[PDB]
Amino acid sequence: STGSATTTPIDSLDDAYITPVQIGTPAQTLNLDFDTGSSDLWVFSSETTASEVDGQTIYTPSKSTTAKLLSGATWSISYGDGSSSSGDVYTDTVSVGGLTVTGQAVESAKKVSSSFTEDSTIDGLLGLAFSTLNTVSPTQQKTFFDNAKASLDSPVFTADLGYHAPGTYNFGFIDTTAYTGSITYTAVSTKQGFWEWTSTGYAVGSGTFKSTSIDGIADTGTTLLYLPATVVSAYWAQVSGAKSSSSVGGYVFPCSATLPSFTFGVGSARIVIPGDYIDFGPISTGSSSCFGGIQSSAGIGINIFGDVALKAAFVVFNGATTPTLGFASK
């Protein structure tokens, strides 16, 4: 089997992307944030504290003839941005772009933190990291991909995120029309439960390439590119008027400035992030100070190849017995 679904930015900055997911019978369609950095499929629901729901579409398991309580199961997750959610669990039929999993754990939120309430466009998350990170207790649950894997034509999914435009998540096949050149594959460590890999270096604009190992995660659920402070400083030093602002919480730059591209290494291959992808607009409405899309990972504890980086590539998440990651230009 295969599946193919369009993923759409939630706003004009590509702050996140939402993908429609059918849950239950008859289908209830929710727009979920596909997150290769976590492993829980959780949704706003009829069980979510009323004061914490503000515009989201909810899953109502009582209206689904295929929903079954996963008795005794609870879940609770916290994300890198300090947001969180928790609740109980049902199993139900979940379909993404024509690909159906029966008996998928659908984690129903009883509580969500303010960041989720305040984002009316995201109805929940669909985790695509390794199932070892799943938070369901007492019985850890499998991701949608893990459940689908054996049925897929090939045990892979791909992320083709758009810049200020829709893109595509495919399951079970590689669309050879969706990228240019070849796909370069690189080793993955699953030891922390992430799609963790090692970039071979970087360049800033037309500058020479610096060969250096950068360990990080491919994370569709993180907006920006977070890299070591040395790398980030080298980038912003090439932008007139750029500075790191402790009050704002990262590098900012005047919008009158031209942003150089940023290149990262995948083996001997190179992915070029255009300068425009690194502009996240005014820090506040009307401000002349713009927020940068490359920021320091210092104090996160891991480097994160978030959407800024991934949307410059066609990315293969290869879930073969030994997982690997593939990157192509597009």
# chains A, B, ... in the order shown; residues from 1 in each chain; ligands from 1
$ residues_around --residues "segment 133-146 of chain A" --least-positions-apart "3" --cutoff "9 Å" --atoms "only C-alpha atoms" --output "VMD selection string"
chain A and resid 38 to 41 72 to 77 88 to 89 94 101 104 to 105 107 126 to 130 149 to 150 155 to 157 171 192 to 194 319
$ write_last_selection --atoms "N, CA and C atoms" --output "mmCIF file, in the first residue's frame"
data_model
loop_
_atom_site.group_PDB
_atom_site.id
_atom_site.type_symbol
_atom_site.label_atom_id
_atom_site.label_comp_id
_atom_site.auth_asym_id
_atom_site.auth_seq_id
_atom_site.Cartn_x
_atom_site.Cartn_y
_atom_site.Cartn_z
ATOM 1 N N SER A 38 8.772 13.614 17.363
ATOM 2 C CA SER A 38 8.043 13.013 18.480
ATOM 3 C C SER A 38 7.249 11.829 17.975
ATOM 4 N N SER A 39 6.611 11.110 18.894
ATOM 5 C CA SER A 39 6.082 9.783 18.574
ATOM 6 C C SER A 39 4.694 9.517 19.136
ATOM 7 N N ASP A 40 3.950 10.587 19.409
ATOM 8 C CA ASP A 40 2.571 10.467 19.874
ATOM 9 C C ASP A 40 1.630 11.067 18.822
ATOM 10 N N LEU A 41 0.541 10.364 18.535
ATOM 11 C CA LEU A 41 -0.551 10.897 17.735
ATOM 12 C C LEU A 41 -1.593 11.321 18.745
ATOM 13 N N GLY A 72 -7.153 1.952 30.850
ATOM 14 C CA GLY A 72 -6.067 2.174 31.779
ATOM 15 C C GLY A 72 -4.939 3.032 31.237
ATOM 16 N N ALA A 73 -4.944 3.289 29.934
ATOM 17 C CA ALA A 73 -3.842 3.995 29.287
ATOM 18 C C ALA A 73 -3.932 5.506 29.486
ATOM 19 N N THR A 74 -2.796 6.119 29.801
ATOM 20 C CA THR A 74 -2.693 7.570 29.851
ATOM 21 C C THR A 74 -1.450 7.998 29.093
ATOM 22 N N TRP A 75 -1.355 9.288 28.793
ATOM 23 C CA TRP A 75 -0.194 9.822 28.099
ATOM 24 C C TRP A 75 0.034 11.234 28.576
ATOM 25 N N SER A 76 1.265 11.703 28.430
ATOM 26 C CA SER A 76 1.637 13.028 28.885
ATOM 27 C C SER A 76 2.948 13.387 28.208
ATOM 28 N N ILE A 77 2.955 14.508 27.501
ATOM 29 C CA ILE A 77 4.119 14.881 26.711
ATOM 30 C C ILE A 77 4.464 16.342 26.927
ATOM 31 N N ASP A 88 -6.066 10.535 27.851
ATOM 32 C CA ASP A 88 -6.245 9.093 27.784
ATOM 33 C C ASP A 88 -6.193 8.645 26.322
ATOM 34 N N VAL A 89 -6.509 7.383 26.054
ATOM 35 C CA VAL A 89 -6.189 6.805 24.759
ATOM 36 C C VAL A 89 -7.312 5.928 24.249
ATOM 37 N N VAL A 94 -7.285 5.113 11.415
ATOM 38 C CA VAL A 94 -6.665 6.372 11.022
ATOM 39 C C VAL A 94 -6.181 6.230 9.586
ATOM 40 N N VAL A 101 -4.629 2.663 8.684
ATOM 41 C CA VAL A 101 -4.183 1.820 9.784
ATOM 42 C C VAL A 101 -5.373 1.564 10.688
ATOM 43 N N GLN A 104 -4.985 2.043 15.444
ATOM 44 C CA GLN A 104 -3.998 3.058 15.791
ATOM 45 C C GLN A 104 -4.334 3.688 17.134
ATOM 46 N N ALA A 105 -3.328 3.866 17.995
ATOM 47 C CA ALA A 105 -3.532 4.609 19.226
ATOM 48 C C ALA A 105 -3.733 6.085 18.906
ATOM 49 N N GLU A 107 -4.455 9.428 20.888
ATOM 50 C CA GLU A 107 -4.335 9.917 22.250
ATOM 51 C C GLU A 107 -5.186 11.164 22.383
ATOM 52 N N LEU A 126 0.846 14.350 14.833
ATOM 53 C CA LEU A 126 1.043 12.968 14.424
ATOM 54 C C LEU A 126 2.542 12.701 14.415
ATOM 55 N N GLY A 127 2.992 11.979 15.432
ATOM 56 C CA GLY A 127 4.412 11.728 15.624
ATOM 57 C C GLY A 127 4.962 10.706 14.648
ATOM 58 N N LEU A 128 6.145 10.998 14.117
ATOM 59 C CA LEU A 128 6.828 10.141 13.153
ATOM 60 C C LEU A 128 8.289 9.853 13.520
ATOM 61 N N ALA A 129 8.665 10.124 14.766
ATOM 62 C CA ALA A 129 9.941 9.652 15.282
ATOM 63 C C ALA A 129 9.778 8.170 15.665
ATOM 64 N N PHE A 130 10.760 7.600 16.355
ATOM 65 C CA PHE A 130 10.717 6.178 16.665
ATOM 66 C C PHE A 130 9.793 5.904 17.836
ATOM 67 N N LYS A 149 3.978 0.148 8.451
ATOM 68 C CA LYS A 149 5.231 -0.210 7.787
ATOM 69 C C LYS A 149 5.205 -1.517 7.005
ATOM 70 N N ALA A 150 4.716 -2.568 7.647
ATOM 71 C CA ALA A 150 4.758 -3.896 7.051
ATOM 72 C C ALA A 150 3.871 -3.984 5.811
ATOM 73 N N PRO A 155 9.302 0.402 3.098
ATOM 74 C CA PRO A 155 9.131 0.881 4.470
ATOM 75 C C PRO A 155 9.713 2.277 4.691
ATOM 76 N N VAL A 156 9.132 3.254 4.008
ATOM 77 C CA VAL A 156 9.658 4.611 3.955
ATOM 78 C C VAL A 156 8.515 5.604 4.011
ATOM 79 N N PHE A 157 8.824 6.819 4.449
ATOM 80 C CA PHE A 157 7.972 7.959 4.149
ATOM 81 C C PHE A 157 8.866 9.110 3.723
ATOM 82 N N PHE A 171 3.849 8.056 1.846
ATOM 83 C CA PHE A 171 4.119 6.855 2.611
ATOM 84 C C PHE A 171 4.219 5.677 1.666
ATOM 85 N N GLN A 192 18.513 7.889 20.658
ATOM 86 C CA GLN A 192 17.702 8.854 21.390
ATOM 87 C C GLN A 192 16.249 8.891 20.904
ATOM 88 N N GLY A 193 15.895 7.966 20.007
ATOM 89 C CA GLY A 193 14.549 7.883 19.450
ATOM 90 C C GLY A 193 14.233 8.825 18.306
ATOM 91 N N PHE A 194 15.231 9.576 17.850
ATOM 92 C CA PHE A 194 15.042 10.566 16.798
ATOM 93 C C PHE A 194 15.646 10.086 15.480
ATOM 94 N N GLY A 319 12.688 3.621 6.916
ATOM 95 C CA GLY A 319 12.439 2.799 8.087
ATOM 96 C C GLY A 319 12.737 1.325 7.888
#
$ closest_atom_pairs --of "segment 181-252 of chain A" --to "segment 272-296 of chain A" --cutoff "8 Å" --atoms "only C-alpha atoms" --output "CSV"
residue,atom,partner,partner_atom,distance
A:224,CA,A:293,CA,5.3
A:225,CA,A:294,CA,4.8
A:226,CA,A:295,CA,4.9
A:227,CA,A:296,CA,5.2
A:228,CA,A:296,CA,5.6
A:229,CA,A:296,CA,5.0
A:232,CA,A:296,CA,6.0
A:248,CA,A:283,CA,7.7
A:250,CA,A:295,CA,6.3
A:251,CA,A:292,CA,5.6
A:252,CA,A:291,CA,4.6
$ residues_around --residues "segment 308-311 of chain A" --least-positions-apart "2" --cutoff "6 Å" --atoms "only C-alpha atoms" --output "PyMOL selection string"
chain A and resi 161-162+224-225+305-306+313
$ write_last_selection --atoms "C-alpha atoms" --output "compact mmCIF listing (two decimals), in the first residue's frame"
# COMPACT_ATOMS: atom_id res chain seq x y z
CA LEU A 161 7.82 20.69 2.50
CA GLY A 162 7.12 23.84 0.56
CA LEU A 224 13.73 26.80 12.49
CA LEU A 225 17.27 25.53 11.98
CA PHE A 305 17.34 20.45 11.27
CA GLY A 306 13.85 21.89 11.38
CA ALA A 313 15.19 19.28 0.27
$ closest_residue --among "A:180, A:8, A:211, A:170" --to "residue 312 of chain A" --atoms "only C-alpha atoms"
A:180
$ select_by_dssp --residues "segment 126-284 of chain A" --states "strand (DSSP E or B)" --output "ChimeraX atom specification"
/A:126-127,137,156-160,167-171,184-187,189,196-204,210-218,225-227,243-245,250-254,262-266,269-273,279-282
$ write_last_selection --atoms "C-alpha atoms" --output "PDB file, in the first residue's frame"
ATOM      1  CA  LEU A 126       1.043  12.968  14.424  1.00  0.00           C
ATOM      2  CA  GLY A 127       4.412  11.728  15.624  1.00  0.00           C
ATOM      3  CA  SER A 137       1.638   4.149  29.818  1.00  0.00           C
ATOM      4  CA  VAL A 156       9.658   4.611   3.955  1.00  0.00           C
ATOM      5  CA  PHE A 157       7.972   7.959   4.149  1.00  0.00           C
ATOM      6  CA  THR A 158       9.050  11.206   2.533  1.00  0.00           C
ATOM      7  CA  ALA A 159       8.738  14.876   3.479  1.00  0.00           C
ATOM      8  CA  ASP A 160       8.602  17.454   0.706  1.00  0.00           C
ATOM      9  CA  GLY A 167       4.030  20.252  -0.026  1.00  0.00           C
ATOM     10  CA  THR A 168       3.605  16.521   0.341  1.00  0.00           C
ATOM     11  CA  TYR A 169       4.030  13.620   2.739  1.00  0.00           C
ATOM     12  CA  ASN A 170       4.220  10.265   0.961  1.00  0.00           C
ATOM     13  CA  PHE A 171       4.119   6.855   2.611  1.00  0.00           C
ATOM     14  CA  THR A 184      22.173  10.938  -0.889  1.00  0.00           C
ATOM     15  CA  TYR A 185      21.596   8.591   2.028  1.00  0.00           C
ATOM     16  CA  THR A 186      23.253   9.016   5.386  1.00  0.00           C
ATOM     17  CA  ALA A 187      23.401   6.976   8.606  1.00  0.00           C
ATOM     18  CA  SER A 189      21.285   6.718  15.112  1.00  0.00           C
ATOM     19  CA  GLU A 196      19.485  11.587  14.232  1.00  0.00           C
ATOM     20  CA  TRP A 197      22.265  11.974  11.669  1.00  0.00           C
ATOM     21  CA  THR A 198      25.561  13.801  11.104  1.00  0.00           C
ATOM     22  CA  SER A 199      25.894  16.596   8.579  1.00  0.00           C
ATOM     23  CA  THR A 200      29.344  16.879   6.992  1.00  0.00           C
ATOM     24  CA  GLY A 201      29.608  20.656   7.200  1.00  0.00           C
ATOM     25  CA  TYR A 202      28.331  24.006   6.026  1.00  0.00           C
ATOM     26  CA  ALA A 203      28.878  27.067   3.910  1.00  0.00           C
ATOM     27  CA  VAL A 204      27.565  30.631   4.227  1.00  0.00           C
ATOM     28  CA  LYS A 210      33.704  24.059   6.111  1.00  0.00           C
ATOM     29  CA  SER A 211      34.083  20.320   6.670  1.00  0.00           C
ATOM     30  CA  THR A 212      32.921  19.614  10.200  1.00  0.00           C
ATOM     31  CA  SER A 213      30.641  16.996  11.739  1.00  0.00           C
ATOM     32  CA  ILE A 214      27.311  18.364  12.962  1.00  0.00           C
ATOM     33  CA  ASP A 215      25.112  15.814  14.761  1.00  0.00           C
ATOM     34  CA  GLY A 216      21.436  16.731  14.677  1.00  0.00           C
ATOM     35  CA  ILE A 217      17.867  15.587  14.153  1.00  0.00           C
ATOM     36  CA  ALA A 218      15.591  15.848  11.142  1.00  0.00           C
ATOM     37  CA  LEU A 225      17.273  25.531  11.976  1.00  0.00           C
ATOM     38  CA  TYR A 226      19.149  25.269  15.284  1.00  0.00           C
ATOM     39  CA  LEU A 227      22.907  24.792  15.023  1.00  0.00           C
ATOM     40  CA  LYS A 243      22.681  40.859  16.187  1.00  0.00           C
ATOM     41  CA  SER A 244      21.753  38.386  18.881  1.00  0.00           C
ATOM     42  CA  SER A 245      19.074  39.904  21.064  1.00  0.00           C
ATOM     43  CA  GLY A 250      17.767  35.072  19.190  1.00  0.00           C
ATOM     44  CA  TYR A 251      19.306  36.665  16.134  1.00  0.00           C
ATOM     45  CA  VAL A 252      17.427  39.520  14.478  1.00  0.00           C
ATOM     46  CA  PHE A 253      18.310  41.576  11.438  1.00  0.00           C
ATOM     47  CA  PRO A 254      16.997  44.576   9.519  1.00  0.00           C
ATOM     48  CA  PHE A 262      23.160  28.515   3.919  1.00  0.00           C
ATOM     49  CA  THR A 263      24.503  25.222   2.653  1.00  0.00           C
ATOM     50  CA  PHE A 264      24.635  22.026   4.692  1.00  0.00           C
ATOM     51  CA  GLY A 265      26.474  18.822   3.864  1.00  0.00           C
ATOM     52  CA  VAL A 266      24.936  15.393   3.433  1.00  0.00           C
ATOM     53  CA  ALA A 269      26.348  16.197  -1.362  1.00  0.00           C
ATOM     54  CA  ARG A 270      25.112  19.699  -0.567  1.00  0.00           C
ATOM     55  CA  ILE A 271      21.679  21.169   0.248  1.00  0.00           C
ATOM     56  CA  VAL A 272      21.349  24.909  -0.319  1.00  0.00           C
ATOM     57  CA  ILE A 273      18.846  26.836   1.811  1.00  0.00           C
ATOM     58  CA  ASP A 279      13.493  35.401   6.979  1.00  0.00           C
ATOM     59  CA  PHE A 280      10.758  35.012   9.620  1.00  0.00           C
ATOM     60  CA  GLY A 281       9.513  38.572   9.440  1.00  0.00           C
ATOM     61  CA  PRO A 282       9.054  41.366  11.948  1.00  0.00           C
TER      62      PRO A 282
END
$ residues_around --residues "residue 300 of chain A" --least-positions-apart "3" --cutoff "8 Å" --atoms "only C-alpha atoms" --output "PyMOL selection string"
chain A and resi 80+297+303
$ write_last_selection --atoms "C-alpha atoms" --output "PDB file, in the first residue's frame"
ATOM      1  CA  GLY A  80      11.151  21.517  23.337  1.00  0.00           C
ATOM      2  CA  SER A 297      21.066  25.298  19.611  1.00  0.00           C
ATOM      3  CA  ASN A 303      21.060  20.471  16.928  1.00  0.00           C
TER       4      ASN A 303
END
$ residues_around --residues "residue 51 of chain A" --least-positions-apart "6" --cutoff "12 Å" --atoms "only C-alpha atoms" --output "VMD selection string"
chain A and resid 110 to 114 116 to 118
$ decode --residues "segment 232-261 of chain A" --atoms "N, CA, C and O atoms" --output "PDB file, in the first residue's frame"
ATOM      1  N   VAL A 232      26.275  29.426  13.726  1.00  0.00           N
ATOM      2  CA  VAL A 232      25.267  30.471  13.654  1.00  0.00           C
ATOM      3  C   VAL A 232      25.892  31.862  13.644  1.00  0.00           C
ATOM      4  O   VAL A 232      25.452  32.739  12.893  1.00  0.00           O
ATOM      5  N   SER A 233      26.919  32.067  14.464  1.00  0.00           N
ATOM      6  CA  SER A 233      27.628  33.337  14.471  1.00  0.00           C
ATOM      7  C   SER A 233      28.264  33.616  13.107  1.00  0.00           C
ATOM      8  O   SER A 233      28.216  34.740  12.605  1.00  0.00           O
ATOM      9  N   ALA A 234      28.886  32.597  12.520  1.00  0.00           N
ATOM     10  CA  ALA A 234      29.497  32.748  11.198  1.00  0.00           C
ATOM     11  C   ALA A 234      28.471  33.150  10.142  1.00  0.00           C
ATOM     12  O   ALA A 234      28.780  33.928   9.239  1.00  0.00           O
ATOM     13  N   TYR A 235      27.256  32.622  10.252  1.00  0.00           N
ATOM     14  CA  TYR A 235      26.192  32.993   9.324  1.00  0.00           C
ATOM     15  C   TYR A 235      25.811  34.462   9.497  1.00  0.00           C
ATOM     16  O   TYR A 235      25.864  35.248   8.545  1.00  0.00           O
ATOM     17  N   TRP A 236      25.433  34.847  10.708  1.00  0.00           N
ATOM     18  CA  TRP A 236      24.885  36.183  10.916  1.00  0.00           C
ATOM     19  C   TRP A 236      25.929  37.281  10.798  1.00  0.00           C
ATOM     20  O   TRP A 236      25.577  38.431  10.543  1.00  0.00           O
ATOM     21  N   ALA A 237      27.207  36.935  10.951  1.00  0.00           N
ATOM     22  CA  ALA A 237      28.268  37.897  10.677  1.00  0.00           C
ATOM     23  C   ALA A 237      28.282  38.370   9.232  1.00  0.00           C
ATOM     24  O   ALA A 237      28.908  39.389   8.937  1.00  0.00           O
ATOM     25  N   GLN A 238      27.626  37.633   8.333  1.00  0.00           N
ATOM     26  CA  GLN A 238      27.559  38.036   6.923  1.00  0.00           C
ATOM     27  C   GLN A 238      26.300  38.818   6.577  1.00  0.00           C
ATOM     28  O   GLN A 238      26.024  39.067   5.396  1.00  0.00           O
ATOM     29  N   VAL A 239      25.545  39.200   7.600  1.00  0.00           N
ATOM     30  CA  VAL A 239      24.321  39.981   7.435  1.00  0.00           C
ATOM     31  C   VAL A 239      24.476  41.329   8.101  1.00  0.00           C
ATOM     32  O   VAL A 239      24.628  41.420   9.324  1.00  0.00           O
ATOM     33  N   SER A 240      24.424  42.383   7.289  1.00  0.00           N
ATOM     34  CA  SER A 240      24.594  43.733   7.794  1.00  0.00           C
ATOM     35  C   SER A 240      23.557  44.079   8.860  1.00  0.00           C
ATOM     36  O   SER A 240      22.361  43.935   8.648  1.00  0.00           O
ATOM     37  N   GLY A 241      24.034  44.513  10.020  1.00  0.00           N
ATOM     38  CA  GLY A 241      23.161  44.905  11.104  1.00  0.00           C
ATOM     39  C   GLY A 241      22.552  43.783  11.929  1.00  0.00           C
ATOM     40  O   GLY A 241      21.752  44.041  12.817  1.00  0.00           O
ATOM     41  N   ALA A 242      22.909  42.536  11.656  1.00  0.00           N
ATOM     42  CA  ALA A 242      22.382  41.435  12.457  1.00  0.00           C
ATOM     43  C   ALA A 242      22.990  41.412  13.857  1.00  0.00           C
ATOM     44  O   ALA A 242      24.157  41.749  14.051  1.00  0.00           O
ATOM     45  N   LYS A 243      22.193  41.002  14.833  1.00  0.00           N
ATOM     46  CA  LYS A 243      22.681  40.859  16.187  1.00  0.00           C
ATOM     47  C   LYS A 243      21.861  39.838  16.940  1.00  0.00           C
ATOM     48  O   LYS A 243      20.724  39.567  16.588  1.00  0.00           O
ATOM     49  N   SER A 244      22.462  39.266  17.972  1.00  0.00           N
ATOM     50  CA  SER A 244      21.753  38.386  18.881  1.00  0.00           C
ATOM     51  C   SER A 244      21.142  39.220  19.992  1.00  0.00           C
ATOM     52  O   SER A 244      21.838  39.939  20.710  1.00  0.00           O
ATOM     53  N   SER A 245      19.826  39.123  20.108  1.00  0.00           N
ATOM     54  CA  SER A 245      19.074  39.904  21.064  1.00  0.00           C
ATOM     55  C   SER A 245      18.587  39.012  22.185  1.00  0.00           C
ATOM     56  O   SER A 245      17.788  38.115  21.970  1.00  0.00           O
ATOM     57  N   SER A 246      19.061  39.265  23.396  1.00  0.00           N
ATOM     58  CA  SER A 246      18.618  38.457  24.522  1.00  0.00           C
ATOM     59  C   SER A 246      17.146  38.750  24.841  1.00  0.00           C
ATOM     60  O   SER A 246      16.408  37.855  25.243  1.00  0.00           O
ATOM     61  N   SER A 247      16.700  39.985  24.628  1.00  0.00           N
ATOM     62  CA  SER A 247      15.307  40.326  24.918  1.00  0.00           C
ATOM     63  C   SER A 247      14.351  39.668  23.936  1.00  0.00           C
ATOM     64  O   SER A 247      13.263  39.254  24.318  1.00  0.00           O
ATOM     65  N   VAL A 248      14.765  39.534  22.681  1.00  0.00           N
ATOM     66  CA  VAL A 248      13.921  38.891  21.679  1.00  0.00           C
ATOM     67  C   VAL A 248      14.065  37.370  21.758  1.00  0.00           C
ATOM     68  O   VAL A 248      13.103  36.638  21.543  1.00  0.00           O
ATOM     69  N   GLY A 249      15.258  36.894  22.088  1.00  0.00           N
ATOM     70  CA  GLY A 249      15.497  35.462  22.194  1.00  0.00           C
ATOM     71  C   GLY A 249      16.155  34.831  20.979  1.00  0.00           C
ATOM     72  O   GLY A 249      15.930  33.659  20.679  1.00  0.00           O
ATOM     73  N   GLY A 250      16.983  35.601  20.283  1.00  0.00           N
ATOM     74  CA  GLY A 250      17.767  35.072  19.190  1.00  0.00           C
ATOM     75  C   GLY A 250      18.266  36.171  18.273  1.00  0.00           C
ATOM     76  O   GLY A 250      18.164  37.366  18.579  1.00  0.00           O
ATOM     77  N   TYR A 251      18.818  35.754  17.145  1.00  0.00           N
ATOM     78  CA  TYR A 251      19.306  36.665  16.134  1.00  0.00           C
ATOM     79  C   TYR A 251      18.168  37.357  15.379  1.00  0.00           C
ATOM     80  O   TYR A 251      17.181  36.730  14.964  1.00  0.00           O
ATOM     81  N   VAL A 252      18.339  38.662  15.219  1.00  0.00           N
ATOM     82  CA  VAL A 252      17.427  39.520  14.478  1.00  0.00           C
ATOM     83  C   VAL A 252      18.254  40.298  13.482  1.00  0.00           C
ATOM     84  O   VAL A 252      19.467  40.401  13.620  1.00  0.00           O
ATOM     85  N   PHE A 253      17.603  40.839  12.469  1.00  0.00           N
ATOM     86  CA  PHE A 253      18.310  41.576  11.438  1.00  0.00           C
ATOM     87  C   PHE A 253      17.345  42.564  10.795  1.00  0.00           C
ATOM     88  O   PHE A 253      16.132  42.350  10.812  1.00  0.00           O
ATOM     89  N   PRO A 254      17.880  43.658  10.231  1.00  0.00           N
ATOM     90  CA  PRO A 254      16.997  44.576   9.519  1.00  0.00           C
ATOM     91  C   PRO A 254      16.567  43.979   8.204  1.00  0.00           C
ATOM     92  O   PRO A 254      17.345  43.419   7.452  1.00  0.00           O
ATOM     93  N   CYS A 255      15.288  44.139   7.939  1.00  0.00           N
ATOM     94  CA  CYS A 255      14.640  43.568   6.797  1.00  0.00           C
ATOM     95  C   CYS A 255      15.177  44.143   5.476  1.00  0.00           C
ATOM     96  O   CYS A 255      15.038  43.537   4.412  1.00  0.00           O
ATOM     97  N   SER A 256      15.832  45.296   5.567  1.00  0.00           N
ATOM     98  CA  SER A 256      16.536  45.893   4.437  1.00  0.00           C
ATOM     99  C   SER A 256      17.804  45.117   4.055  1.00  0.00           C
ATOM    100  O   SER A 256      18.378  45.332   2.983  1.00  0.00           O
ATOM    101  N   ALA A 257      18.242  44.224   4.938  1.00  0.00           N
ATOM    102  CA  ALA A 257      19.450  43.446   4.686  1.00  0.00           C
ATOM    103  C   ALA A 257      19.157  42.284   3.739  1.00  0.00           C
ATOM    104  O   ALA A 257      18.047  41.759   3.713  1.00  0.00           O
ATOM    105  N   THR A 258      20.164  41.880   2.973  1.00  0.00           N
ATOM    106  CA  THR A 258      20.060  40.697   2.130  1.00  0.00           C
ATOM    107  C   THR A 258      20.595  39.492   2.896  1.00  0.00           C
ATOM    108  O   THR A 258      21.695  39.535   3.455  1.00  0.00           O
ATOM    109  N   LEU A 259      19.815  38.415   2.935  1.00  0.00           N
ATOM    110  CA  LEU A 259      20.272  37.196   3.566  1.00  0.00           C
ATOM    111  C   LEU A 259      21.023  36.291   2.598  1.00  0.00           C
ATOM    112  O   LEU A 259      20.528  35.960   1.520  1.00  0.00           O
ATOM    113  N   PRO A 260      22.230  35.879   2.991  1.00  0.00           N
ATOM    114  CA  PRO A 260      22.923  34.848   2.222  1.00  0.00           C
ATOM    115  C   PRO A 260      22.237  33.504   2.367  1.00  0.00           C
ATOM    116  O   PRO A 260      21.515  33.255   3.345  1.00  0.00           O
ATOM    117  N   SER A 261      22.469  32.632   1.398  1.00  0.00           N
ATOM    118  CA  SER A 261      22.070  31.244   1.529  1.00  0.00           C
ATOM    119  C   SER A 261      22.888  30.548   2.609  1.00  0.00           C
ATOM    120  O   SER A 261      23.885  31.083   3.096  1.00  0.00           O
TER     121      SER A 261
END
